[PDB]
Amino acid sequence: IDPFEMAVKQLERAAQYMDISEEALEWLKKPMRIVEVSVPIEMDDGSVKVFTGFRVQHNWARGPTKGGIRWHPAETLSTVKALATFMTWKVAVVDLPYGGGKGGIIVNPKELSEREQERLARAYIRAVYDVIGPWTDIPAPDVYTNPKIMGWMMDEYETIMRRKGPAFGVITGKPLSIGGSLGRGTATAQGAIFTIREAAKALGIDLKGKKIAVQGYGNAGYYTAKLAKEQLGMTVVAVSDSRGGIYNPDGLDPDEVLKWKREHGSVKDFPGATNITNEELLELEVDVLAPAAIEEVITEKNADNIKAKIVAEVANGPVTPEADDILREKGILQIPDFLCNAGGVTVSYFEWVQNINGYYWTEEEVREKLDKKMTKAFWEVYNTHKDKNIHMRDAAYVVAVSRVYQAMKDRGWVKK
Ligand SMILES: NC(=O)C1=CN([C@@H]2O[C@H](COP(=O)(O)OP(=O)(O)OC[C@H]3O[C@@H](n4cnc5c(N)ncnc54)[C@H](OP(=O)(O)O)[C@@H]3O)[C@@H](O)[C@H]2O)C=CC1
Ligand SMILES: O=C(O)CCC(=O)C(=O)O
């Protein structure tokens with residue numbers, strides 16, 4: 001249907017478990033500032049093409065808005081608004097002095113050359129300059145965007161700003177050569193691993209020697225499996241991608257699987273393991289399920305088939321609202337998406353702090369700070385879900401919306 005309407009409905013459903021005034025809820029149901037701009041670039045053939053750009057600042061009560069820029073051909077203002085709304089709750093649930101933001105360009109970057117991509121990034125910066133800044137709106141990498149594009153955008157912003165303030169802090173997820181931070185590459189997977197370890201501690205389950213299945217095998221999924229094996233001592237019994245999946249009960253080494261996928265396009269037909277389809281992976285008998293591929297993979301039609309005791313929602317919205325009740329009834333502990341994959345935005349916040357302070361941290365300090373942040377956030381959410389006897393997603397919503405509501409009331413934006 002409409003992604004923004006779905007996000008608003010999910011917030012409205014969560015609002016019944018907390019004391020929030022009608023005026024504040026109506027304020028939260030609509031983004032505070034939406035910017036639509038034309039993004040013109042000169043193509044290689046000499047012609048000029050105009051693209052549609054988006055930048056949505058949902059709420060900046062707790063601080064400057066934070067959110068990545070997507071470059072998908074199916075990008076829609078509704079999707080950007082929904083993702084900015086989710087970004088607000090994400091930054092609020094880990095206690096960040098941030099707001100919720102999101103940006104996007106309706107473009108197919110596959111048919112764009114490197115020069116054209118750089119021109120697109122620079123033109124997007126030249127178009128959205130007046131509503132962004134290190135203390136206003138901090139973008140980041142997202143779908144079909146990378147640190148290279150981030151560096152181009154940072155350079156354009158610095159050129160326009162005339163180096164008056166810290167231009168490194170305008171955008172996060174850039175290369176280490178220019179204001180980048182360590183631990184950014186594995187940030188999401190590291191945060192997910194921290195939350196999984198905390199969930200296992202909460203359920204009284206030892207993670208050593210337990211099977212894990214990961215759906216999707218890219219920046220999130222591959223690193224999630226690798227860190228689960230290396231840090232949590234888990235056995236990786238199955239991975240998957242867009243093509244198919246592979247299942248080996250005795251375990252799989254993530255590095256070999258990644259090399260095979262890079263050399264053959266997909267993890268399919270990996271030797272020593274059986275080829276299985278994506279839907280069969282979610283129904284395995286594993287200790288932890290990590291669907292880090294796409295949204296809405298666990299529906300009402302397959303929720304009863306899940307046998308994992310922990311479902312780590314590394315991807316954005318992998319479980320539908322209907323499947324949430326079925327999963328909870330079976331007694332499965334669910335880690336909500338904007339809490340499970342908050343490590344990426346937490347490390348982006350660390351990068352922004354380093355940029356604005358002009359002082360950069362080591363990998364160990366970043367890892368320890370992220371560990372503490374994710375542990376505190378997860379324990380807050382779990383304690384809220386146990387105290388009020390509500391769903392984990394509902395508890396995360398209560399925790400985030402309470403913070404945003406308190407910020408709004410302290411700013412005097414709402415009275416009630
Ligand atoms: N920094 C991050 O990585 C962040 C991660 N997330 C969430 O993590 C998810 C993935 O992020 P990232 O790893 O960067 O993305 P990538 O696109 O780099 O990797 C996603 C993986 O999912 C696979 N995949 C694609 N379509 C399907 C499908 N229909 N069914 C099963 N698997 C599929 C892809 O296979 P193939 O490569 O063959 O296409 C790929 O291996 C997203 O949903 C995102 O919202 C959240 C916040 C930020
Ligand atoms: O780092 C950020 O600001 C956002 C990362 C991201 O893409 C997400 O959390 O969805």
# chains A, B, ... in the order shown; residues from 1 in each chain; ligands from 1
>>> residues_near_ligand(ligand="ligand 1", cutoff="7 Å", atoms="only C-alpha atoms and all ligand atoms", output="JSON, numbers by chain")
{"A": [142, 143, 188, 215, 216, 217, 218, 219, 220, 221, 240, 241, 242, 243, 266, 278, 292, 293, 294, 295, 314, 315, 316, 341, 344]}
>>> residues_around(residues="residue 340 (chain A)", least_positions_apart="5", cutoff="10 Å", atoms="only C-alpha atoms", output="CSV table (one decimal) with C-alpha atoms, in the first residue's frame")
chain,number,residue,atom,x,y,z
A,90,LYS,CA,15.8,4.6,15.6
A,188,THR,CA,25.3,-2.7,11.7
A,189,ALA,CA,26.4,-6.3,12.1
A,190,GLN,CA,28.4,-5.5,15.3
A,191,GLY,CA,25.3,-3.8,16.8
A,192,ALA,CA,23.1,-6.8,15.8
A,193,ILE,CA,25.6,-9.2,17.4
A,194,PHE,CA,25.6,-7.1,20.6
A,195,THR,CA,21.8,-7.2,20.7
A,196,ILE,CA,21.8,-11.0,20.0
A,311,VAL,CA,14.8,-13.4,15.3
A,312,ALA,CA,17.2,-10.6,14.8
A,313,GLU,CA,15.7,-8.0,12.4
A,314,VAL,CA,18.8,-6.7,10.8
A,315,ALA,CA,17.0,-5.7,7.7
A,316,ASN,CA,14.4,-2.9,7.7
A,334,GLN,CA,11.9,-10.7,18.5
A,335,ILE,CA,14.5,-7.9,18.2
A,374,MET,CA,23.5,-1.2,22.2
A,377,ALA,CA,19.2,0.3,24.5
A,378,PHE,CA,18.3,-3.4,24.3
>>> closest_residue(among="A:353, A:212, A:187, A:200", to="ligand 2", atoms="only C-alpha atoms and all ligand atoms")
A:187
>>> residues_near_ligand(ligand="ligand 2", cutoff="7 Å", atoms="only C-alpha atoms and all ligand atoms", output="VMD selection string")
chain A and resid 66 to 68 87 139 to 142 172 to 173 341 to 342 344 to 345 348
>>> write_last_selection(atoms="N, CA and C atoms", output="PDB file, in the first residue's frame")
ATOM      1  N   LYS A  66      18.983  12.815  11.115  1.00  0.00           N
ATOM      2  CA  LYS A  66      19.973  11.839  10.681  1.00  0.00           C
ATOM      3  C   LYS A  66      19.298  10.797   9.801  1.00  0.00           C
ATOM      4  N   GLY A  67      19.919  10.489   8.664  1.00  0.00           N
ATOM      5  CA  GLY A  67      19.379   9.494   7.757  1.00  0.00           C
ATOM      6  C   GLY A  67      20.082   9.444   6.415  1.00  0.00           C
ATOM      7  N   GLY A  68      20.107   8.266   5.789  1.00  0.00           N
ATOM      8  CA  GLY A  68      20.847   8.084   4.559  1.00  0.00           C
ATOM      9  C   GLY A  68      20.109   8.562   3.318  1.00  0.00           C
ATOM     10  N   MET A  87      13.609   6.517  11.118  1.00  0.00           N
ATOM     11  CA  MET A  87      14.898   7.029  11.568  1.00  0.00           C
ATOM     12  C   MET A  87      14.756   7.789  12.878  1.00  0.00           C
ATOM     13  N   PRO A 139      23.313  13.526   6.398  1.00  0.00           N
ATOM     14  CA  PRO A 139      23.039  12.319   5.615  1.00  0.00           C
ATOM     15  C   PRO A 139      24.126  11.262   5.795  1.00  0.00           C
ATOM     16  N   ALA A 140      23.943  10.151   5.079  1.00  0.00           N
ATOM     17  CA  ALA A 140      24.788   8.971   5.213  1.00  0.00           C
ATOM     18  C   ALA A 140      24.590   8.052   4.012  1.00  0.00           C
ATOM     19  N   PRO A 141      25.392   6.998   3.852  1.00  0.00           N
ATOM     20  CA  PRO A 141      25.118   6.031   2.784  1.00  0.00           C
ATOM     21  C   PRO A 141      23.822   5.271   3.024  1.00  0.00           C
ATOM     22  N   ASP A 142      23.197   4.882   1.917  1.00  0.00           N
ATOM     23  CA  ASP A 142      22.008   4.041   1.929  1.00  0.00           C
ATOM     24  C   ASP A 142      22.001   3.202   0.659  1.00  0.00           C
ATOM     25  N   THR A 172      28.135  11.482   7.058  1.00  0.00           N
ATOM     26  CA  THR A 172      28.855  10.366   7.654  1.00  0.00           C
ATOM     27  C   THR A 172      28.986   9.229   6.652  1.00  0.00           C
ATOM     28  N   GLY A 173      29.760   8.220   7.042  1.00  0.00           N
ATOM     29  CA  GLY A 173      30.022   7.099   6.163  1.00  0.00           C
ATOM     30  C   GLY A 173      30.950   7.409   5.013  1.00  0.00           C
ATOM     31  N   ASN A 341      19.334  -3.085  14.206  1.00  0.00           N
ATOM     32  CA  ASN A 341      20.292  -2.549  13.240  1.00  0.00           C
ATOM     33  C   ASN A 341      20.634  -1.090  13.517  1.00  0.00           C
ATOM     34  N   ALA A 342      20.539  -0.661  14.774  1.00  0.00           N
ATOM     35  CA  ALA A 342      20.877   0.705  15.151  1.00  0.00           C
ATOM     36  C   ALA A 342      22.379   0.926  15.291  1.00  0.00           C
ATOM     37  N   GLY A 344      24.595   0.849  12.964  1.00  0.00           N
ATOM     38  CA  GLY A 344      25.056   1.691  11.872  1.00  0.00           C
ATOM     39  C   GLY A 344      24.898   3.170  12.173  1.00  0.00           C
ATOM     40  N   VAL A 345      23.713   3.568  12.639  1.00  0.00           N
ATOM     41  CA  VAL A 345      23.495   4.968  12.985  1.00  0.00           C
ATOM     42  C   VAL A 345      24.266   5.366  14.239  1.00  0.00           C
ATOM     43  N   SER A 348      27.654   6.026  12.959  1.00  0.00           N
ATOM     44  CA  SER A 348      27.577   7.288  12.226  1.00  0.00           C
ATOM     45  C   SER A 348      27.595   8.478  13.180  1.00  0.00           C
TER      46      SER A 348
END
>>> residues_around(residues="residue 211 (chain A)", least_positions_apart="3", cutoff="12 Å", atoms="only C-alpha atoms", output="count of residues only")
32
>>> residues_around(residues="residue 56 (chain A)", least_positions_apart="2", cutoff="8 Å", atoms="only C-alpha atoms", output="ChimeraX atom specification")
/A:31,33-35,54,58,80-81,84,101-103
